[PDB]
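Novice: this one's sequence-less:
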Ligand SMILES: [Mn+2]
């Protein structure tokens, strides 16, 4: 290994030198160097070819390095810190302090006192009262089927006790009894009472922080709290007096105690330190978690969990709790051991150590020994303990207690260890009640970061809007602050008044374990069995080779934890019912000042109630103008940025033009509501991931693994690996020039080409993987093009690339690191059964290796692998689909609350994206500054001119320009991110996006920026992460844990290869069943039946879930109608876009893309929900049960799922609306009729039953019903941003143009703009949306396809036909579209309009039917085993059966393979109808005009085909023509005339029909027959030949559309 490891050997020399050149080796940097060289030695020994001598040398080097690390120890500062809980009686405290001052001679006792939080207990009690009352109100209102006895009794007791406020104890005891009653409530109700209470309290805390923002205060005190209370609840003077009395009493108590102890021990010996004098308290990243802890705490008599951390970090020394006692000395413990005849029960039993410690306390402080509480102790033990105390009371006060070791290892915090004799055995655990550390310790930083992360995870309940409520997770000691358990603890404490911990000893132990693991090799002695070891604690008692532990000479001297005043000891006595309580009536809450919990509109009558007269008379007019727009913005289901910008800008201006305080508060409430709305409306994300690899690392295994994982996560994901060749080329030139400063070209080119070709070939067979060259999609005038041209090399270039590719239209998730899809809940549940929560993250790489690839390793049990193979890969991983981002259009990965640029999730196509434009402009400005600095020609005035007319000028401050000029003079060539950092003082452009937004969104943007300092997530941060880093498997979200809260797996619905319907023939399904649908609905009692069939999804993938969920969002008739119209419009647009292959305007295209992305995300989410029993209750189909649900259990919405389809049942108003996406909806008076109709509809009709998936199946066991426990669950699951599909009627370009009444003059004639757009008027390759100016009129062009469709749909007047012919003649047909022959364009008179319309309708119907017929023929022809080539060559067709359309088709395959069976009754039945109506025409006064026209069209199409004279498709079309001819011959040739032509017979029949009944119908029939008799028109044959020659080859469509176009040609 001396060759490969040679260079690293050089490295080790240098690290040794770094060890040698250390002024202070006892420092962090030296230890870092030590771990670096230890890891290098690890790398050396990991090589397989290592001799035994090298192993021994490495081992002794490791031992020496470990000894050197362990020798570097720090002597802690001589301080002792104790936190004074406001509610602490000094008589029980002072003694302990004296003890700690009599043994620790050279130590100063600092009592940390928070003067401004003396009254905070009452404030949090009032907040808790309000939150619980709100939770009770919402529970009662959300479950109106029954009244709750808990709520009734609770309101009863509160209201009754209002009479006697002085009876607090009477109230608290009755509340304990109330909790005893509450324990018997239903478990789902308990879960809702646990989620609500917590969410409401977090909301109230956030409201208080918002008030702190609006008052512009910097530090929070009691006066601020009292003013907030008076502004949120009516406060009388009595409660203010109570608050002040508590504050004064606390001040007097603390001053008296400190004065007494200072009189005894001296001035400087014991002192008071103010809590507010800590830098960490006001630190922004601590997020004011100290204030939040004051509210979310259940350990009342205990001290704060976060203050001790700050104190240890900023001061160092020893932190102790009040009731800790110094450990017993060696001599005293030895003597008590020998004086009790060897009975160790005295040194283990808690109830006895309590009495002994009480006696020692009384002796040390010269108090009466005989007064020791001796209860629950027998007389014999009492007497022996009495003699014990009398014997110890002779020993020198000095030799009664011991001290501890104040020399601790550098950057380590010892933690006391506690041993307890429970009845079940020995309980050993670490305690945060006694810590050692030193100032500037770094493990304290890790613990503080962990505490902040824990509070973030706790707040995740309210942060995540679409977060589930009902997870019945069992108690598992999860690292997650499991929200349900914490809410339960909080409710229990609020009700009764007296385990799990957010930031207790458990979290501290976890964080120290993680940090010591991160330390590396040298920490191996601080971790044992992947857990905290015995050397990370103090007080560890080694066992004496037996069951019990020897109490003489412990490994480390501890602290007497057991004391008569332990928090869990005296609490049997103190009732604590007055120190921390404030009973305030909540019914008088002022809802208008609470935007978090109540969304209110501008009620102009009551809004200006507390405003002063002058502010009213100045600003009321402007507010009244704002009223309607602001209410519209709030009530909208989408966010339009123009109105938001206008409203917010003018609200901010109004705020700036005011000096009041109440009106300022109301306007700030409006801004808060706006910001919350911005937070709520999330937009979907496209199923696209774009990885920008760094093509220089030695291994690409991570890239392949990431691509495989994202391919396996979902079968529709699109993956784009964007690499740039110019960037690599310029990097090569830069390396060669740097080498030249102080041959390989072919090697480098081969290396890059080989890597790119290898990644291309590994995923060659997958179409979803696209290897892209970035310098092939960017415009030449773009900033990136200039960056490549100049030779930009700086490492941030790729980040810029990402931003550019988002502005180019490439949406999705852009990333550089090799992301992996997050593991689903199923994989985690599988892994949990054989692993703990801390090993799952370690074993996940092996599981992913087994899922994506097929490798297995012995490090994982076989049963795990077998369980993993039983599930599909897409059921174990989370795909990119189903995600959502902020409406501002960009989200970023988070790292401890700071958003970074590892992952950029950029909205969805078609949605508004302001950040795109902002970053585009910013990148341009940075480029301009960079280029002007490149030549050194930048000065202050130029810098001002560059950024004018730009938002980035908001960063133009004097210090920023000064720094920019200084850095420009120091080094002219700086990367764009360096320019950004100089200009703004921000780390990343992601941080600058919000500041750029504030320009156009002032006030709201500033508010959202200010909320980041107060616990609220950044608005541009993704919360739920579906990705994990490949090297550490940590989610990239803000407040998520991938292990304990992994997302549920989504069920994927897979359908058969053959599609029963395609887009062309889909309307057949609606047409043939609509009438029977209506008849069934009307016969089952329906009174309102509406038909709005959908055409968005013609296949059953997703079981039409998406659409159904949309119909489930509506709660009102009006919203339902608006949604129905919008959906019909989008469906028509879809048919126009893809069935006809017609271009659309930009607005319509964006609307279609928005609706489609929303539908796909909704379908994914719905399919995920229905399969997970924790969220929606699923029941088998039973009419009585469902009626009981809809009548008794208060269920208002339900999803009825068949195997292949989904129906929606609602309870709008007082009627039950059953919605079928393919058939519209029906309205029923009672649920039972709706259920009967659903049963009949899905059961009776055979084609319906087969298509829905219920053929030959019992409907009582294959139809499921999914419903919610409470209606609010739907409000929690369904997204709020509908893209306006439910509130506002989206308008297509045609509707907008139809409103304009000004005509446009083209080619000398004037026609309306709507008609000009209809005929396909395009400017430079884009359909017009506005009246063209006179200059652009010559540039207009006519789209051939749109004009052809318009002609085939419209019955023009002769004058209009002349106008269109003239316009086409003077403008021409746009190149690449369908050429149109002017002879085709004609017009009809008034009397022949109905006939022409019916003919066009029949043409469409025949197109749709023949499409299905030809698909059937292709399917029948493809299942025939065919050898090499396409020589099927149908020998002979013959019509066999007359009633079912049986055609015997001999196939002359050459191998005598003959399939004489096919069922095509659509062709035969029309001719049967025509013949039977012709024969009985003299005896029937009925004439079917539509049937005649359809038959005429079919025979004309067959004539064109056969006159025109070798794969499956064209052969099947020729076969179809043959069967049309044969059926006509069979039905119209009554006698066997050899000289029989179908056209002549059909024409003669039409002529006889026309001559039997006169009129315009007869004239039209005669004209059709006349056309049939004569030879085909020259122009007709010309257009047919032109199509079949050039147009079919030009188009890439399948063959069905070409056949439909030909039959349309025939009908025209
Ligand atoms: Mn305690």
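Specialist: In hand now; what should we look at? Numbers count the residues shown, from 1 in each chain.
Novice: contacts, neighbours, all on C-alpha from now
Specialist: Fine.
Novice: what is the burial count for the residue of the stretch 551-700 of the chain found nearest the ion?
Specialist: Proximity of the stretch 551-700 of the chain to the ion (CA to the ion) peaks at residue 567, 3.7 Å away. Residue 567 is flanked by 15 other residues according to other CA atoms under 10 Å.
Novice: also residue 1045?
Specialist: 15.
Novice: now the one 10 residues further on
Specialist: Residues contacting residue 1055 under the criterion other CA under 10 Å number 13.
Novice: that one and residue 1264, how far apart?
Specialist: Taking CA to CA, to the nearest Å as the measure, residue 1055 falls 19 Å from residue 1264.
Novice: can you check residue 97 too?
Specialist: For residue 97, the distance to residue 1264 - CA to CA - is 68 Å.
Novice: can you tell me the element residue 771 falls in?
Specialist: strand 769-773 (DSSP states H and E).
Novice: following the helix or strand where residue 259 lies, which helix or strand comes up?
Specialist: Element membership of residue 259, judged by DSSP H and E, is helix 237-265. Using DSSP H and E, the helix or strand that follows helix 237-265 in sequence is strand 270-274.
Novice: dump the residue contacts of residue 459.
Specialist: residue 202 (CA atoms under 8 Å, 6 or more residues apart in numbering).
Novice: now do 10 Å
Specialist: 198, 199, 202, 203, 453, 481, 483, 1015, 1016, 1017, 1039 (CA atoms under 10 Å, 6 or more residues apart in numbering).
Novice: so what secondary structure elements neighbour the biggest strand by length in the chain?
Specialist: In the chain, with assignment by DSSP state E, the single longest strand is strand 425-437. If contacts are counted by 3 or more CA pairs under 10 Å, 6 or more residues apart in numbering; DSSP states H and E, strand 425-437 sits against strand 79-83, helix 307-314, strand 317-320, strand 407-409, strand 415-422, helix 505-519, strand 537-538.
Novice: residues in contact with the following helix or strand past the third one?
Specialist: Using DSSP H and E, the helix or strand that directly follows strand 317-320 along the chain is strand 325-326. Outside of strand 325-326, the residues within contact range by CA under 10 Å, 6+ apart are 96-97, 99-100, 103-104, 320, 357, 361, 400-404, 557-563.
Novice: only whichever of the residues you listed are buried, select them in ChimeraX.
Specialist: For the buried members of the contacts of strand 325-326, the matching ChimeraX selection, counting by 16 or more other CA atoms under 10 Å, is:
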select :96,97,99,100,103,104,320,357,361,400,401,402,403,557,558,559,560,561,562,563
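Novice: just the strands in the stretch 1101-1250 of the chain please.
Specialist: Taking DSSP state E, counting those that start in this stretch, the strands of the stretch 1101-1250 of the chain run over residues 1177-1180, 1198-1201, 1206-1209, 1216-1220, 1224-1228.
Novice: for the first one, buried residues please.
Specialist: Along strand 1177-1180, these residues count as buried under the neighbour rule (16+ other CA under 10 Å): 1178, 1180.
Novice: does residue 1526 touch residue 1446 like I think?
Specialist: No: counting by CA atoms under 10 Å, residue 1526 does not reach residue 1446; the two are 11.9 Å apart.
Novice: what sits in contact with each of those two?
Specialist: 1438, 1439, 1468.
Novice: tally of neighbours for the residue in the stretch 851-1000 of the chain positioned nearest to the ion?
Specialist: Minimum separation of the stretch 851-1000 of the chain from the ion (CA to the ion) falls at residue 896, amounting to 31.1 Å. Neighbourhood size, residue 896 [other CA under 10 Å]: 15.
Novice: which residues are in contact with it?
Specialist: 285, 449, 450, 452, 453, 456, 1036, 1037, 1038, 1039.
Novice: go again using 7 Å as the cut-off
Specialist: The neighbours of residue 896, taking CA atoms under 7 Å, 6 or more residues apart in numbering as the test, are residue 453.
Novice: could you check how far it is from residue 149?
Specialist: 44 Å.
Novice: kindly report the same for residue 616.
Specialist: Plainly put, residue 616 is 47 Å away from residue 149 if you go by CA to CA.
Novice: what are the bridge partners for residue 435, then?
Specialist: For residue 435, the beta-bridge partners are residue 319, residue 415 (DSSP bridges).
Novice: circling back: ok, the residue of the stretch 551-700 of the chain closest to the ion - contacts?
Specialist: Contacts of residue 567 by CA under 7 Å, 6+ apart are 301, 302.
Novice: hang on, the earlier thing: which of the helices and strands packed on strand 425-437 sits closest to the ion?
Specialist: That would be strand 317-320 among those, by CA to the ion, at 10.4 Å.
Novice: contacting residues around the closest one?
Specialist: Counting by CA under 7 Å, 6+ apart, 76-82, 308, 433-438 sit against strand 317-320.
Novice: now render these as TSV, adding neighbour count and distance to the ion.
Specialist: Listed next are these as TSV, based on neighbours: other CA atoms under 10 Å; distance: CA to the ion, whole Å:
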residue	neighbour count	distance to the ion
76	20	24
77	18	24
78	17	24
79	18	21
80	23	17
81	25	15
82	23	12
308	23	14
433	23	7
434	23	10
435	23	14
436	25	17
437	31	20
438	28	23
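Novice: tabulate the residues you listed (JSON lines), appending distance to residue 1337.
Specialist: JSON lines is the format used below for the contacts of strand 317-320 (distance: CA to CA, whole Å):
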{"residue": "76", "distance to residue 1337": "86"}
{"residue": "77", "distance to residue 1337": "87"}
{"residue": "78", "distance to residue 1337": "90"}
{"residue": "79", "distance to residue 1337": "88"}
{"residue": "80", "distance to residue 1337": "88"}
{"residue": "81", "distance to residue 1337": "85"}
{"residue": "82", "distance to residue 1337": "85"}
{"residue": "308", "distance to residue 1337": "78"}
{"residue": "433", "distance to residue 1337": "84"}
{"residue": "434", "distance to residue 1337": "86"}
{"residue": "435", "distance to residue 1337": "84"}
{"residue": "436", "distance to residue 1337": "85"}
{"residue": "437", "distance to residue 1337": "82"}
{"residue": "438", "distance to residue 1337": "82"}
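Novice: so which of the residues you listed is the closest to residue 1601?
Specialist: Among these, residue 308 lies closest to residue 1601 (CA to CA), at 75.7 Å.
Novice: apart from its chain neighbours, what residue comes closest to the closest one?
Specialist: With sequence-adjacent residues excluded and distances taken as CA to CA, 6 or more residues apart in numbering, residue 308 is closest to residue 319, at 6.9 Å.
Novice: that neighbour - how many residues pack around it?
Specialist: 23.
Novice: other SSEs contacting the helix or strand hosting residue 1525?
Specialist: Assignment of secondary structure by DSSP H and E places residue 1525 within helix 1512-1532. When contacts are defined as 3 or more CA pairs under 7 Å, 6 or more residues apart in numbering; DSSP states H and E, helix 1512-1532 packs onto helix 1393-1422, helix 1465-1479, helix 1489-1508, helix 1542-1556.
Novice: out of those helices, which comes closest to the ion?
Specialist: Of all the helices and strands packed on helix 1512-1532, helix 1393-1422 comes closest under CA to the ion, at 79.7 Å.
Novice: what's the distance between the residue in the stretch 1501-1612 of the chain positioned nearest to the ion and residue 255?
Specialist: The ion sits closest to residue 1597 of the stretch 1501-1612 of the chain, with a gap of 77.8 Å, by CA to the ion. For residue 1597, the distance to residue 255 equals 89 Å [CA to CA].
Novice: ok, the residue nearest to residue 145 when sequence neighbours are not counted - how many residues close by?
Specialist: In this structure, residue 145 finds its nearest non-sequential neighbour in residue 1194, 5.9 Å apart by CA to CA, 6+ apart. Residues near residue 1194, counting by other CA under 10 Å, number 18.
Novice: so what does residue 1194 have for phi and psi?
Specialist: Phi and psi for residue 1194, reported as degrees, to the nearest 10, are phi 60, psi 40.
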